[PDB]
Amino acid sequence: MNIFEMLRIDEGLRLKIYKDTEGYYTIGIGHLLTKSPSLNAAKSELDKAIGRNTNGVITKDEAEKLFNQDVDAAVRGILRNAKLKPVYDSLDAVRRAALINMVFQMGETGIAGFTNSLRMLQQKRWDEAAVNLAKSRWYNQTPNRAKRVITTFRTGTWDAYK
Ligand SMILES: [Cl-]
Ligand SMILES: [Cl-]
């Protein structure tokens, strides 16, 4: 298990534009296209992301390519952020994957709300951090995925994912 397999399990793969759990147009491996309500505004963004006229459909290769760029950007965003960096640097390899997952799902700005949990993770207070993480819209909206990420932070293993 690694960060790619992990995120591929949590987001799935769809080759045609779909709407995510929040109702936004997405495609591929959890690649958000836009928050507007317009399917046309989403086809245009897709087109622009792929470099071709897609008509809302892409191939497995194109989805994987966006996925590769999105993980890379998630990691780079963590490393550039003054609040996230130190947490990431303090974590072991498994737990780093867990933080990346959260950033890929919710963006550096969604993660902003986790001030308290991040401090607990930095301190290595696993159980406490797990409790605190769970008191969040995140956890209430996508409980199953939240449980898997949380357990990964609590345990430091990929058990939630075998
Ligand atoms: Cl893009
Ligand atoms: Cl879920």
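Residue numbers run from 1 in the order of the sequence given. Below, all heavy atoms of this structure are taken into account, side chains as well, without hydrogens, waters or symmetry copies.
Annotation: side chain of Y161 is in contact with side chain of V149 (closest heavy-atom distance under 4.5 Å). Looking at heavy atoms from C-beta onward, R95 lies out of side-chain contact with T152 at the 4.5 angstrom threshold. For the pair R8 and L13, the minimum side-chain heavy-atom distance is below 4.5 Å. Looking at heavy atoms from C-beta onward, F104 lies out of side-chain contact with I3 at the 4.5 angstrom threshold. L118 is listed as a side-chain neighbour of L84, based on a closest heavy-atom distance under 4.5 Å. Side-chain atoms of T26 and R14, non-hydrogen and from C-beta on, never get closer than 4.5 Å to each other. Using a 4.5 Å heavy-atom threshold, the side chains of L46 and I17 count as touching. Here the side chains of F114 and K83 are not in contact, with every heavy-atom distance at 4.5 Å or above.
Between the side chains of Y25 and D20, no donor-acceptor pair is found at a separation under 3.5 Å. For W158 and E5, the side-chain atoms include no donor-acceptor pair closer than 3.5 Å.
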*Take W126 and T155, measure what side-chain contact (heavy atoms from CB on, under 4.5 Å) needs, and give me the verdict at the end.*
CA-CA 8 Å; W126 325 124; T155 75; over 6 Å; no
Practice prompt. Check the pair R137, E22 against salt bridge (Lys or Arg N to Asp or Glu O under 4.0 Å), reporting the backbone distance first and the verdict last.
Written response: CA-CA 12 Å; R137 178 180 194 273; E22 299 291 335; 2.6 Å; yes
- Task: Could you walk me through whether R145 and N101 pass side-chain hydrogen bond (donor to acceptor under 3.5 Å, both in side chains), step by step?
- Result: CA-CA 10 Å; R145 169 181 193 159; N101 190 310; 2.9 Å; yes
- request: Verify salt bridge (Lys or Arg N to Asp or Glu O under 4.0 Å) between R148 and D10, making sure each step is shown before the conclusion.
  value: CA-CA 9 Å; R148 289 190 293 275; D10 279 338; 2.7 Å; yes
side-chain hydrogen bond (donor to acceptor under 3.5 Å, both in side chains) evaluation trace for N40 with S38: CA-CA 5 Å; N40 279 336; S38 185; 5.0 Å; no
- Task: Could you please spell out the steps behind the side-chain contact (heavy atoms from CB on, under 4.5 Å) verdict for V103 and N81?
- Result: CA-CA 11 Å; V103 182; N81 185 302; over 6 Å; no
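The line from CD1 of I78 to CZ of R96 is 9.5 Å long, rounded to the nearest 0.5 Å. How far CD of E11 is from OG1 of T21: 9.0 Å, rounded to the nearest 0.5 Å. Residue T142 holds its OG1 atom at 7.5 Å from CE of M106, rounded to the nearest 0.5 Å. A distance of 4.5 Å separates CE in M102 from CH2 in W138, rounded to the nearest 0.5 Å. Between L121 atom CG and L91 atom CG the span is 6.5 Å, to the nearest 0.5 Å. Between the OG atom in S136 and the CD1 atom in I150 there is a gap of 6.0 Å [rounded to 0.5 Å].
Under the 4.5 Å side-chain heavy-atom criterion for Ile, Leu, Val, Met, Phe, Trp and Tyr, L39 and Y18 are members of distinct hydrophobic clusters. Using a 4.5 Å cut-off between side-chain heavy atoms of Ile, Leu, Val, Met, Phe, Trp and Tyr, with links allowed through other members, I111 and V131 fall into different hydrophobic clusters.
Across all non-hydrogen atoms, the minimal contact from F4 to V71 is CE2-CG2, 3.6 Å. The minimum heavy-atom distance between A63 and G28, with the atom names listed, is CB-CA, 4.0 Å. Of all the heavy atoms in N140 and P143, the pair that sits closest is O-CD, 3.8 Å. Nearest heavy-atom pair, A41 versus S36, reported as atom, atom and distance to 0.1 Å: CB-OG, 3.6 Å. For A74 against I100, the heavy-atom pair with the smallest separation is CB-CG2, 4.1 Å.
For the pair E128 and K135, the salt-bridge criterion is not met [side-chain N within less than 4.0 Å of a carboxylate O].
Under a 4.5 Å side-chain heavy-atom cut-off, the cluster of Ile, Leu, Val, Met, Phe, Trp and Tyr residues that includes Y24 is completed by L32. Clustering of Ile, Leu, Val, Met, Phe, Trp and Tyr by side-chain heavy atoms under 4.5 Å joins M120 with none of the others.
Within a 6.0 Å radius of NZ in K124, other residues, nucleotides and ligands contribute more than 12 heavy atoms.
The backbone N or O of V87 lies less than 3.5 Å from a partner atom in the side chain of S90, making a donor-acceptor pair. Between the side chain of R154 and the backbone N or O of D127, no donor-acceptor pair lies under 3.5 Å. Side-chain N or O atoms of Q123 include one that pairs as donor or acceptor with a backbone N or O of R119 at under 3.5 Å.
Only one option out of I58, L15, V57 pairs with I27 in a side chain to side chain contact (heavy atoms under 4.5 Å, CB included); it is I58.
Applying the side-chain hydrogen bond (donor to acceptor under 3.5 Å, both in side chains) test to residues at least two apart or on different chains, the pairs with a partner in residues 55-75 are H31-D70, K43-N55, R52-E62, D72-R76.
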